[PDB]
Structure formats: structure tokens, C-alpha cells
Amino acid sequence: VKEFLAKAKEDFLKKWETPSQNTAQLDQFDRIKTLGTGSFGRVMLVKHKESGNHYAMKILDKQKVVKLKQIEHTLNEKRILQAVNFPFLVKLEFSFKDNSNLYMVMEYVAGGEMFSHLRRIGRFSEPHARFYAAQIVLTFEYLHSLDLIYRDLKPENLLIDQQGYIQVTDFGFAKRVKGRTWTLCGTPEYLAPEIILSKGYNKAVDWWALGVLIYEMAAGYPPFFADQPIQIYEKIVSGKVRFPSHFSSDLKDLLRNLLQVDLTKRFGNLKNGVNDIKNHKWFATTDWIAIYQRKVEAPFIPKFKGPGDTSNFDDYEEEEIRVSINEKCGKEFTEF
């Protein structure tokens, strides 16, 4: 582990210090279909004419990014994503920009969002959930060792690849920070009490989010849900959680430790770091090495009717890609 991380960090820093840029053009691709939508732009299934390969191209309207004051978070996303490298992290193939947009070409993960499958099937069996959880556990061990904080873990941001494994996508709020940060961001249901209470936080919020995910995958619904966000935050800070009667005793224990309001006693944030999690009973049958290597059998394998298939994604209205004849927000995105 420690040996591994050490090398991973040296590779990350080389790219972190000298990120790549303008490694493609819009015309080197064929726009096929919208795979999802965001606030600054849509993610489109695209085809690299030269290689004939399929990619998920994330488009960001520079002006909208500026209106929402997401400039730094956006630069954070491209800078971090172009430098990391882990099995369960979607890879950024190319990145470029034009008069009005920023582009990030990622690998296309046909399997679809965990969200879709999870909502449809209702809930995952504990073993099934343990499978995905294990992957998130290692992915965070990786990310955090790089001084990175993901800040937006949720079913919507996890894709299932052809082998049935997880691919974390969307680093919109990822940040490289040693020490503590204060930005209020993330998704309501998954927010740590610290964030909601504007007290300054760290990686610990990623572990609390892990608890929320595991609970949602196991129960079929979040540990804290309501109709209005404010009602949700009230539930979160109350340090009161209810578990489905079917949750195993081990599972409930692991969750009581993750959804720990007291940063002094929250798994992942103790002297034993992540090991307090890896060595937890609920993960007894989990062979961590076997997971990182993708040797373990995937409990679910989304199949596709061929390359370019988008049957695992919802349908969105198709918006044309317009590019002003005038450069927009040039100085703000110079390093992109």
C-alpha cells in the first residue's frame, strides 16, 4: 500500500505541476447524443473520427461557469482529472476549449449510472453493495493520499463499466487541499454536518458521504431524505439515524461509525486512517487486492447491444453547440 501510494503520488505531481492542454479540437469528433446534463453544459456521447473510438465529451459554457462563480472549481476539475490515474476513476482522454466552451473528453462508460440501476431495482443486496463500497474505499484512499477531496459522492456520479466495476466521474468539486477548506458544495443528502454548519472541514466529509452511499445502496433510499433541502440538513445535524430492519448487525455498526457527527470518532479520520474501514467486519470477505485488480466477480454486468449503445442512459433534448465568433472569458480560463 504505502509503497504503491508513494509512486502514484510521484506520477500525479508530475502532471499536477505541468498539466496538459489543447490536446484535440471540436472537429475531430462527431456529436452523437446527450448522455446526461449538468448546470454548465451537457455530456455528449461522441465519436473520435480518426480512431473511431467513442468518448463522453463534457461541455461547459464559459460564460455560465463565470455567472455561477465556478471558475476555480472548473480549473480544479480539469487540472486534477488530467493528472490522476486509478482503476475506478474515469479517464480524461483529451481537453480543449473554443470561443465559448470548455471541453473534457472522458472515456465513455456504457454501463450507465449506478443511480439508474439502483432506483430501478430498488436496492442492492449487501454483498452487492459491499462490492461497490470496497471500490470507493480504495478510490478515496488513493485520492486522499494525494491531498485531494472529492466532495460529491453519489449514485449519479458513479458509472458501471462493461466489466461491472465502478468509474467515478465528475470532479466538479474535487480539490487539492492540505489543511481545511470552507466551500459549501456537494449534494444535500450527502453533506457532512461540518459543511452544513460552516465550520471548515477536510477529507472526513468524503468518508461520511461513503456512509450515505452504502446506506442508500443497501436500503434503497438515503438515511436522510425530505422534500426540501433545509429539511434534509436538519435531519443530518440531529445525529439521529434509523436503519432498515434488514440491515445486518455488521452493516449497522460500520454505518454508525461512518455517519458519525463527531469527527473525533468517525472512521477514516482516526489514527488507523482507512484501515479502521478496511479491517471492519462488514468487509471481512473483501479481498482488497483482488478488488483493485478487478479479479473479483462483478455481481451485475450491464450488457450493451454494441459500441455506441446508449440504452443504459436516459434521453435528453438535443441542444445545438453554438460557438461565438468572439472569444469569451479568455483571461479567466487561460490555463485550461
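If you superpose the two forms and keep the largest set of C-alpha atoms that fall within 1.5 Å, you have the rigid core. We number the residues from 1 along the sequence you see.
In 5 other deposited structures of this protein, rigid core aligned: more displaced of 79 to 87 and 213 to 221 by C-alpha RMS: Relative to the shown form, the greater RMS C-alpha distance in 5 other deposited structures of this protein belongs to 79 to 87.
Of 203 to 211 and 91 to 99, which departs more from this form in 5 other deposited structures of this protein by CA RMS after core fitting: Of 91 to 99 and 203 to 211, the stretch deviating more in 5 other deposited structures of this protein is 91 to 99.
Flanks modelled, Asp309 absent in at least a third of other entries: In at least a third of the comparable entries (those modelling both sides of it), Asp309 has no coordinates.
Of 263 to 271 and 44 to 52, the stretch whose C-alpha atoms average the higher B-factor in the entry: In the deposited entry, the stretch with the higher C-alpha B-factor mean is 263 to 271.
Stretch with the greater mean C-alpha B-factor as recorded in the entry, comparing 10 to 18 against 315 to 323: Looking at the record's C-alpha B-factors, the answer is 315 to 323.
Residue selected from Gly186, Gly211, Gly179, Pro155 by maximal Cα B factor: By C-alpha B-factor in the record, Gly179 ranks first.
Among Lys69, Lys62, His280, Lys58 - the residue whose C-alpha B-factor is largest in the record: Checking the PDB record, the top C-alpha B-factor among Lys69, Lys62, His280, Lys58 is at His280.
For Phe140, the third of its chain into which the C-alpha B factor falls: Its C-alpha B-factor, which the entry lists for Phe140, ranks in the lowest third among residues of this chain.
Where the record places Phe247 (Cα B-factor, split into thirds across the chain): Its C-alpha B-factor belongs to the highest third of this chain's values.
Ranked C-alpha temperature factor of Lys199 among modelled chain residues, by third: Answer is highest: the recorded C-alpha B-factor places it there.
Modelled-residue ranking by C-alpha temperature factor, third containing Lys240: Ranked within chain, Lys240 CA B lands in the highest tercile.
Record-listed C-alpha B factor of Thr74: chain third: Ranked within chain, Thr74 CA B lands in the lowest tercile.
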